[PDB]
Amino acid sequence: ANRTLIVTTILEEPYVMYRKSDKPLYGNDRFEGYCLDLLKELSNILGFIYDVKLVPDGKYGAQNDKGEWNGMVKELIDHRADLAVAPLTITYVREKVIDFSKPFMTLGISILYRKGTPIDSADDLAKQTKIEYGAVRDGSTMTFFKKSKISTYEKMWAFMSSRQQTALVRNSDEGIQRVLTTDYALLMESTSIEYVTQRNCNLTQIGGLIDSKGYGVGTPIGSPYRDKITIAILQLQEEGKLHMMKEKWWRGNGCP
């Protein structure tokens, strides 16, 4: 039989979440969400079963000064996993070290904050000195700021980096908690801002999208699966299945 594929992933609502049950759940049955449905579809099309393993360090992946990676990206580089199926952003720096499938979703960075301030943009946020801001540590949003040559974003990176201990949060849940409980705005991918702001009416998006990019399935460079997964993703795209999956997991509007 085809070897069971190892899937690296990360907890991130509504992509990957713990299923609620009053009885024991084991293995893949512990998880549900958009990415689990995606795996069910992809595996049907490609003819494999899989083992879902949460990334040990709880990170998406960034490289340090030595050029060393962490998170799901490192799991792929080191061939610890066959596939990464998560809200994993397709980026230039990552594409040089892993293979991505074609995108299954598009999005852009924006700002999550509480309601009631005059901040209307990243420019406004960088200029003012009352509200702190940051991003999830060792994700693509952090990297966007680190690599930016746009002045506002260079300043925002210097600020985040100077206050890294508090400004760069461990994960999105910590970021949202910091937004809700302190004077802190989180730079966050838009599809997740859409999800949370329809669930917690104290939260809002500030400004528009700062960039535009996609999520893709990650594989190690040279993987024989990448092209097959790309073909399957295009099938799901064209058949309207990706759209249906988004509707299923984001439904539906809960706030004014």
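We call the rigid core the largest set of C-alpha positions that still match within 1.5 Å between the two forms. Counting begins at 1, following the sequence as shown.
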item: Rigid core superposition result in 8 other deposited structures of this protein, more deviant of 162-170, 68-76 by Cα; value: 162-170
item: Higher C-alpha RMS shift from the shown form in 8 other deposited structures of this protein - 209-217 or 196-204, rigid core fit; value: 196-204
item: Residue range whose averaged C-alpha B-factor is higher in the record, 62-70 or 205-213; value: 62-70
item: Mean C-alpha temperature factor, higher of 4-12 and 246-254; value: 246-254
item: Residue with maximal Cα B-factor (values as given in the PDB entry) among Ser162, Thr106, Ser110, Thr89; value: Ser162
item: Candidate set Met142, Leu83, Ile119, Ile77 [ranked by C-alpha B-factor, highest]; value: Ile119
item: Lowest, middle or highest third - CA B-factor, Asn28; value: middle
item: Where the record places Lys228 (Cα B-factor, split into thirds across the chain); value: middle
item: Chain third (lowest, middle, highest) by recorded CA B-factor, residue given as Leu168; value: highest
item: Ranked against its chain, the third holding the CA B-factor of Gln237; value: lowest
item: Third of chain Cα B-factors occupied by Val97; value: middle
